[PDB]
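Undergrad: Structure: protein-v1.csv, CSV, C-alpha atoms and all ligand atoms.
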```
chain,number,residue,atom,x,y,z
A,1,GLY,CA,-26.0,29.2,24.5
A,2,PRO,CA,-24.0,32.1,23.1
A,3,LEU,CA,-25.5,34.5,25.5
A,4,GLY,CA,-23.7,34.8,28.9
A,5,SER,CA,-20.8,32.9,27.4
A,6,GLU,CA,-18.8,33.4,24.3
A,7,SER,CA,-19.4,30.6,21.8
A,8,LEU,CA,-16.0,30.3,20.1
A,9,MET,CA,-15.6,28.4,16.9
A,10,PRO,CA,-13.2,25.3,17.1
A,11,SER,CA,-10.9,27.0,14.6
A,12,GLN,CA,-10.7,30.7,15.2
A,13,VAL,CA,-10.4,32.2,11.7
A,14,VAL,CA,-10.6,35.9,10.9
A,15,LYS,CA,-12.4,36.9,7.7
A,16,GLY,CA,-11.6,40.6,7.5
A,17,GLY,CA,-14.1,42.4,5.3
A,18,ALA,CA,-15.5,39.1,4.2
A,19,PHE,CA,-19.2,38.7,5.0
A,20,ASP,CA,-19.5,34.9,4.5
A,21,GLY,CA,-22.7,33.3,3.3
A,22,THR,CA,-21.9,29.6,3.0
A,23,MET,CA,-25.1,27.9,1.8
A,24,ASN,CA,-24.9,24.7,3.8
A,25,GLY,CA,-26.6,21.4,2.9
A,26,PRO,CA,-24.9,20.4,-0.4
A,27,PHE,CA,-22.1,17.8,0.0
A,28,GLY,CA,-19.6,16.7,-2.6
A,29,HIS,CA,-15.9,16.7,-3.6
A,30,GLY,CA,-14.2,15.7,-6.8
A,31,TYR,CA,-10.7,16.6,-8.1
A,32,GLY,CA,-9.3,16.1,-11.6
A,33,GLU,CA,-8.1,12.5,-11.3
A,34,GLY,CA,-5.6,11.4,-13.9
A,35,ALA,CA,-7.2,8.4,-15.5
A,36,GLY,CA,-4.7,6.0,-16.9
A,37,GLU,CA,-6.4,3.6,-19.4
A,38,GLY,CA,-4.9,0.8,-21.4
A,39,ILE,CA,-2.8,2.8,-23.8
A,40,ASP,CA,-0.6,0.6,-25.9
A,41,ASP,CA,2.4,0.7,-23.6
A,42,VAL,CA,3.8,-2.7,-22.8
A,43,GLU,CA,7.2,-2.3,-21.2
A,44,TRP,CA,8.3,-4.3,-18.2
A,45,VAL,CA,11.1,-2.6,-16.2
A,46,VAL,CA,13.5,-5.4,-17.2
A,47,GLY,CA,13.7,-4.3,-20.8
A,48,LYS,CA,15.9,-1.5,-19.5
A,49,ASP,CA,18.1,-3.6,-17.1
A,50,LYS,CA,18.2,-6.9,-19.0
A,51,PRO,CA,21.7,-6.0,-20.3
A,52,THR,CA,22.9,-6.4,-16.7
A,53,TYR,CA,21.3,-9.8,-16.0
A,54,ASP,CA,22.1,-10.9,-19.6
A,55,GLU,CA,25.7,-10.0,-19.3
A,56,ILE,CA,25.9,-12.0,-16.1
A,57,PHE,CA,24.0,-14.6,-18.0
A,58,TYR,CA,26.8,-15.0,-20.6
A,59,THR,CA,29.3,-14.4,-17.7
A,60,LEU,CA,28.1,-17.6,-16.0
A,61,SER,CA,28.3,-19.3,-19.4
A,62,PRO,CA,25.0,-20.4,-20.8
A,63,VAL,CA,24.2,-23.5,-22.9
A,64,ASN,CA,22.0,-23.4,-26.0
A,65,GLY,CA,20.6,-19.9,-25.1
A,66,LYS,CA,19.8,-20.4,-21.5
A,67,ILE,CA,21.7,-21.2,-18.3
A,68,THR,CA,21.5,-24.7,-16.8
A,69,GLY,CA,19.6,-24.1,-13.6
A,70,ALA,CA,22.7,-25.3,-11.7
A,71,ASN,CA,24.5,-22.0,-12.4
A,72,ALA,CA,21.3,-20.0,-11.9
A,73,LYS,CA,21.0,-21.6,-8.5
A,74,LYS,CA,24.6,-20.6,-7.8
A,75,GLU,CA,23.7,-17.0,-8.7
A,76,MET,CA,20.6,-16.9,-6.5
A,77,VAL,CA,22.5,-18.8,-3.7
A,78,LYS,CA,25.3,-16.3,-3.6
A,79,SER,CA,22.5,-13.7,-3.4
A,80,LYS,CA,22.7,-14.6,0.3
A,81,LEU,CA,19.5,-16.5,1.0
A,82,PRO,CA,18.0,-19.5,2.8
A,83,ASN,CA,16.3,-22.3,0.7
A,84,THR,CA,13.1,-20.6,1.6
A,85,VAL,CA,13.5,-17.3,-0.2
A,86,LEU,CA,15.8,-19.0,-2.8
A,87,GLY,CA,13.2,-21.6,-3.6
A,88,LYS,CA,10.4,-19.1,-4.0
A,89,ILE,CA,12.7,-16.8,-6.0
A,90,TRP,CA,13.4,-19.7,-8.5
A,91,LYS,CA,9.7,-20.6,-8.7
A,92,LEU,CA,8.7,-17.0,-9.0
A,93,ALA,CA,11.3,-16.2,-11.7
A,94,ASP,CA,11.0,-19.4,-13.8
A,95,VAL,CA,7.4,-19.5,-15.1
A,96,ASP,CA,8.0,-22.8,-16.8
A,97,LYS,CA,10.0,-24.2,-13.8
A,98,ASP,CA,12.3,-26.0,-16.2
A,99,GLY,CA,15.4,-26.4,-14.1
A,100,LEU,CA,17.0,-23.7,-16.3
A,101,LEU,CA,16.7,-20.0,-17.0
A,102,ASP,CA,17.0,-18.3,-20.4
A,103,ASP,CA,18.4,-14.8,-20.9
A,104,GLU,CA,15.1,-13.3,-20.0
A,105,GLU,CA,14.5,-15.8,-17.2
A,106,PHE,CA,17.8,-14.8,-15.7
A,107,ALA,CA,16.6,-11.2,-16.3
A,108,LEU,CA,13.6,-11.9,-14.1
A,109,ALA,CA,15.6,-14.1,-11.7
A,110,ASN,CA,18.1,-11.4,-10.9
A,111,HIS,CA,15.4,-8.7,-11.1
A,112,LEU,CA,13.6,-10.3,-8.2
A,113,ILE,CA,17.0,-10.8,-6.5
A,114,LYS,CA,17.4,-7.0,-6.5
A,115,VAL,CA,13.7,-6.7,-5.6
A,116,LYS,CA,14.4,-8.7,-2.4
A,117,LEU,CA,17.5,-6.6,-2.1
A,118,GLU,CA,15.3,-3.5,-2.0
A,119,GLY,CA,14.7,-4.6,1.6
A,120,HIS,CA,11.5,-6.6,1.0
A,121,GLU,CA,11.0,-10.2,0.2
A,122,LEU,CA,9.1,-11.5,-2.9
A,123,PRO,CA,5.3,-11.8,-2.3
A,124,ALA,CA,4.9,-14.9,-4.3
A,125,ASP,CA,2.9,-12.9,-6.9
A,126,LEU,CA,3.8,-12.7,-10.6
A,127,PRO,CA,2.4,-9.6,-12.3
A,128,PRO,CA,1.7,-9.4,-16.1
A,129,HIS,CA,4.0,-6.5,-16.2
A,130,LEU,CA,6.9,-8.7,-15.1
A,131,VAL,CA,6.4,-11.8,-17.1
A,132,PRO,CA,9.1,-12.6,-19.7
A,133,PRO,CA,8.0,-12.2,-23.4
A,134,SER,CA,7.6,-16.0,-23.8
A,135,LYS,CA,5.1,-16.1,-21.0
A,136,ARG,CA,3.0,-13.1,-21.8
A,137,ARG,CA,-0.2,-14.7,-20.5
A,138,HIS,CA,-2.6,-14.5,-17.6
A,139,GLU,CA,-4.0,-17.9,-16.8
B,201,CA,CA,11.7,-21.4,-17.6
```
Turn the structure described in the file into structure tokens.

TA:
Amino acid sequence: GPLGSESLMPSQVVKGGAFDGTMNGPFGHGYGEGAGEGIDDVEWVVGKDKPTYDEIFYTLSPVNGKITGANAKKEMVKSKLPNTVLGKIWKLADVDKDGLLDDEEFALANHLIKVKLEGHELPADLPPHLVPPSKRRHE
């Protein structure tokens, strides 16, 4: 034991003038966690970058308020991808899978394009905080 040999504590701490009487046996720990409930805040990150995708939208020349998927495919093709990433970008951006993309569907299309550009591919998941207004629905 501690007689005939000095029993040193694993961490040698010096409590100068502090006679410590830690009552052992109770165990617990809880900090003030910031609880975020469903406050009425519905704003997908595209509402603030749509102007970019929408300007390119009219820049590629849309028809009847949406781009023919042809030009949308051009856009995501020049985004420098194989048909693998490209195909799943299309099917992850176009919720209806029309063969076209409206101003918001380009918004998503190009948004996921810059998401893959972040250095990570798309996970084939479509979150309710990234679904264009027309498709605000979890089914
Ligand atoms: Ca669509």

Undergrad: If you measure from CA of residue 43 in chain A to CA of residue 80 in chain A, what distance in Å do you get, rounded to one decimal?

TA: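 Between these atoms lies a distance of 29.2 Å.
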
Undergrad: Of the residues A:101, A:122, A:67, A:131, which is the one nearest to ligand CA 201 (chain B), using all atoms listed in the file?

TA: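 That would be A:101, the residue with the smallest distance to ligand CA 201 (chain B).
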
Undergrad: Mind listing the residues within 12 Å of ligand CA 201 (chain B), only C-alpha atoms and all ligand atoms counted, as a ChimeraX atom specification?

TA: /A:65-69,72,90-109,131-135

Undergrad: Could you check how far CA of residue 128 in chain A sits from CA of residue 73 in chain A, in Å to one decimal?

TA: 24.1 Å

Undergrad: For residue 87 in chain A, which of A:124, A:59, A:31, A:39 is the closest residue, counting all atoms listed in the file?

TA: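 Among the listed residues, A:124 lies closest to residue 87 in chain A.
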
Undergrad: Between CA of residue 44 in chain A and CA of residue 129 in chain A, what distance in Å does the model show, to one decimal?

TA: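 Between CA of residue 44 in chain A and CA of residue 129 in chain A the gap works out to 5.2 Å.
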
Undergrad: Just checking: using only C-alpha atoms, which residue out of A:49, A:42, A:116, A:9 ends up closest to residue 76 in chain A?

TA: A:116

Undergrad: For a quick check of understanding, using only C-alpha atoms, which of A:117, A:81, A:89, A:46 has the smallest distance to residue 130 in chain A?

TA: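 Ranked by minimum distance to residue 130 in chain A, first place goes to A:46.
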
Undergrad: Which one is closest to residue 127 in chain A: A:86, A:60, A:77, A:45? Count only C-alpha atoms.

TA: A:45
